[PDB]
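Participant: First the structure, which I've put down as structure tokens, then a few questions once you've had a look.
A short reminder: the numbers here are calculations on the coordinates, not readings from a lab. Here the Cβ positions follow ideal geometry from the backbone for every residue, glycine too, while neighbour counts run over all protein chains shown.
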Amino acid sequence: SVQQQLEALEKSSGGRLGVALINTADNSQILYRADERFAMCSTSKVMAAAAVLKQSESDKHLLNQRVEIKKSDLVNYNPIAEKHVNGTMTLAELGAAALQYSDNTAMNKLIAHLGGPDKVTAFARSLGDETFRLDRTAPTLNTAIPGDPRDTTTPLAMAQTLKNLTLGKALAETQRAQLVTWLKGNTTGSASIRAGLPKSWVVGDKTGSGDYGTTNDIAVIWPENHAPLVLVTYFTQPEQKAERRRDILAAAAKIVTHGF
């Protein structure tokens, strides 16, 4: 069975696997350690970007506003923000970089503009997500230390919230459509969830990778002839310098989507 397949996958992987799939056709779900906390890592960027979109619903000027990119803003990873040192980037462009290239500088600007990590948590709360919690900026929010509650959430919680953001009540139509466009254009997840699904399926996702070989991916999937599916696959390991295993996420995705 699916459950027996996942536990077997987990057992041979050498880590801890968290899975949460919601079939919007009938709201049925497939859960594996879905109520356990995991470090979100860069998948938390979706909540930061969405927080800015919610504000833009009340300020038609926000998204095009500018922020200047200094050389001191560059952190451990910023492939897009680097191309703009001494120049500027609009909040929209920062949202794009943070999500489609997982630019860490871009994420920080968004957090800064919102007023800090605590504000992102409040936004999550306003959405009915009582699990999510952002405590730090990039890149320290990626330490993913076992048992550390900072910057974590559960698979089910993130699945429920990702659903509300992309297919439900969370955002106004234009903003919601913008978030979806950003997710579909992601360039960092070909070896993760996407790798475990039929080539024709349309997918929008946000990956994450941190210490303890933490490998994550949350996505919205549009089959050719069925209602959408929302999937969260989190994976983490016992040793601080373990390698990431994007292939485990692909395997989990194939296991749970069998039949759609």
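Participant: Quick one: in the stretch 76-101, of everything that is in contact (Cβ under 8 Å) with a residue 40 or more places away in the chain and farther than 15 Å from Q65 by Cβ, which residue is surrounded by the fewest Cβ atoms within 10 Å (Cβ to Cβ)?
Facilitator: Within the stretch 76-101, the match that is surrounded by the fewest Cβ atoms within 10 Å (Cβ to Cβ) is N76.
Participant: Output the number of residues of the stretch 146-177 satisfying the condition of being farther than 24 Å from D103 by Cβ and in a loop (DSSP other than H, G, I, E, B).
Facilitator: 8
Participant: Now for a different question. With the requirement that a residue be free of Cβ contacts under 8 Å to residues at least 60 places away in the same chain, of a type outside the set (S, T, Y), loosely packed, with under 14 Cβ neighbours inside 10 Å and within 22 Å of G213 (Cα to Cα), what does the stretch 123-156 give you?
Facilitator: Passing the criteria: only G147.
Participant: OK, next. Could you pull out the residue among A251, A191, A177 that is of a type in the set (A, V, I, L, M), under 17 Å from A48 (Cα atoms) and surrounded by fewer than 22 Cβ atoms within 10 Å (Cβ to Cβ)?
Facilitator: When all the criteria are applied, what remains is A177.
Participant: Another question about this same structure. Pull up the stretch 157-173, narrow it to residues that are more than 13 Å from the chain's Cα centre (by Cα) and touching a residue at least 60 places away in the same chain (Cβ under 8 Å), then point me to the one that is surrounded by the fewest Cβ atoms within 10 Å (Cβ to Cβ).
Facilitator: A172
Participant: Is it true that some residue in the stretch 85-93 is under 19 Å from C41 (Cβ atoms) and in contact with a helix residue (DSSP H, G or I) (Cβ under 6 Å, 6 or more places away or on another chain)?
Facilitator: No; the residues of the stretch 85-93 include none that is under 19 Å from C41 (Cβ atoms) and in contact with a helix residue (DSSP H, G or I) (Cβ under 6 Å, 6 or more places away or on another chain).
Participant: Then there's this: Of all the residues that make up the stretch 108-122, how many are under 16 Å from the mean Cα position of the chain (by Cα) and without any contact (Cβ under 8 Å) to a residue 60 or more places away in the chain?
Facilitator: Adding up the residues that qualify gives 3.
Participant: Right, something else. Could you check how many residues of the stretch 78-135 are in contact with a strand residue (DSSP E or B) (Cβ under 7 Å, 6 or more places away or on another chain), within 22 Å of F38 (Cα to Cα) and in a loop (DSSP other than H, G, I, E, B)?
Facilitator: Selection size over the stretch 78-135: 3.
Participant: Just to be sure I understand the filter: pairs with C-beta atoms under 9 Å, separated by 6 or more residues or on different chains, first member in the stretch 20-41 and within 23 Å of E7 (Cβ to Cβ) and free of Cβ contacts under 8 Å to residues at least 40 places away in the same chain, second member crowded, with 19+ Cβ neighbours inside 10 Å and among the β-branched types (V, I, T). Which pairs pass?
Facilitator: Between residues of the stretch 20-41 that are within 23 Å of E7 (Cβ to Cβ) and free of Cβ contacts under 8 Å to residues at least 40 places away in the same chain and residues that are crowded, with 19+ Cβ neighbours inside 10 Å and among the β-branched types (V, I, T), the close pairs are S28/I22.
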